[PDB]
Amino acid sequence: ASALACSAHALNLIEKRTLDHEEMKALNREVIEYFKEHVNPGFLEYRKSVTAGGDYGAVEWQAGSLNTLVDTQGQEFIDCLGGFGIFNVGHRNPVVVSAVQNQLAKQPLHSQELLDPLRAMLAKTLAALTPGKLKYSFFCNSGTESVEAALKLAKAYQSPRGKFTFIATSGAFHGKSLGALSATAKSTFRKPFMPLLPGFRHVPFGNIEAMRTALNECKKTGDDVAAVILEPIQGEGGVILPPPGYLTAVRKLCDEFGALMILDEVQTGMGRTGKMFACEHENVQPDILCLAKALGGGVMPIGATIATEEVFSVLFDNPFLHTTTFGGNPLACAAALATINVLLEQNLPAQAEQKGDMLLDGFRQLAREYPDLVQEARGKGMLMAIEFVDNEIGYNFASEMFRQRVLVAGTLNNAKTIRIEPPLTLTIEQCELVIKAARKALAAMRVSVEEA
């Protein structure tokens, strides 16, 4: 089967909007086969360990509503995965789609030679949106690129000052490209690619005592710290809330040593935590702020790295010191400008706070009833996780929830934990259903384990 035939077969599929039964049965086996032969057979296996029966091979087809997804069989799922923090303003949010639609009619990608208007507008808007002295935005295409940019700003500012050491925390996830992977803390994700960047070190998350010692020792030996990088709340780490006061203490510690503070809000950002940015909870201003995922409104890929003029100015003298080819393209800018408008207009952060309190209270109730299965439920706003007693019970919860057409999934740096990350637009009724779905799942799990 030649390339031309495949693209042709592919374009027709793209132009369909519904599938008759045989078209659907045929599409499914294609997708599985091609996943096996040309994507990654191991994904099919993972999907199996977290589902029951032929559910593993559920093929997704379209958005059903703001908060639901429909597979090729017409089956509709309430989305509690949120694409791991992407779909904050729902699937195919009308305002974001319209913005992207309109801009596509003019220009989707720019020449990168001329001044592009929306980059300017998104930079102005993010300047306005962000705390304090954060003034300048570099645009890129992803969370990991966003962090690459932050690291490079820190390096360019700090290396002429003789500081080269970066401190991150264990449990941290910061991206998978090799620069970001150097801060990313999970052993498994790191070792096969060593050596990574030199001069990266890790302290326990949420522990200012340990961090203070890290910086002190680095100073004594002339390996002075250039920057500290952390998530305000560790995402892939299993939704780990630092003790109240931590972020502020990290901020003070960085001030004292003249280290930069990098906040990775790729997952906590754009309202997910009940505020626009998680750092607004303790009102901490980083020197550099990393955004992505939800910044594209569920429609476009985009990352943004926002820093003070003091830091960002290292890119002024030679503007080509850091670039990327698609970064801040018009479609992506359109999407993010829409998203920002939607979040503020509909006060989605406050909604995240209220829906989050509600779900977590529900999950904490269920935790009380099933301590044979559940360890604890935790979270802030619409970033939640349920930790289970062990991995297999976790994988069974995800499976039982999928069976009830509610999408959930695990976290990258914590195997016992299932995240709950719905769109901030999840309705009150859907919230209750998600609780009811979790209850049935736990009851079923009791039976399955009890007999076994």
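Heads up: residue numbers just count along the shown sequence, starting at 1.
The stretch 364-372 shows the higher mean C-alpha B-factor when 178-186 is compared against 364-372 in the entry.
Look at the C-alpha B-factors of 329-337 and of 148-156. On average they run higher in 329-337. Of the candidates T273, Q73, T169, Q101, the deposited coordinates give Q73 the top C-alpha B factor. For the set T68, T425, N40, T417, the PDB entry assigns the largest Cα B-factor to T417.
In the PDB entry, a CA B factor belonging to the lowest third of its chain's modelled residues is recorded for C140. Among all modelled residues in this chain, the alpha-carbon of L81 has a temperature factor (C-alpha) in the middle third. In this PDB entry, the Cα temperature factor of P108 sits in the middle third of its chain's modelled residues. Per the deposited record, the Cα B-factor of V389 falls in the highest third when ranked against the other modelled residues of its chain.
In the deposited entry, the Cα temperature factor of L122 places it in the middle third of its chain's modelled residues.
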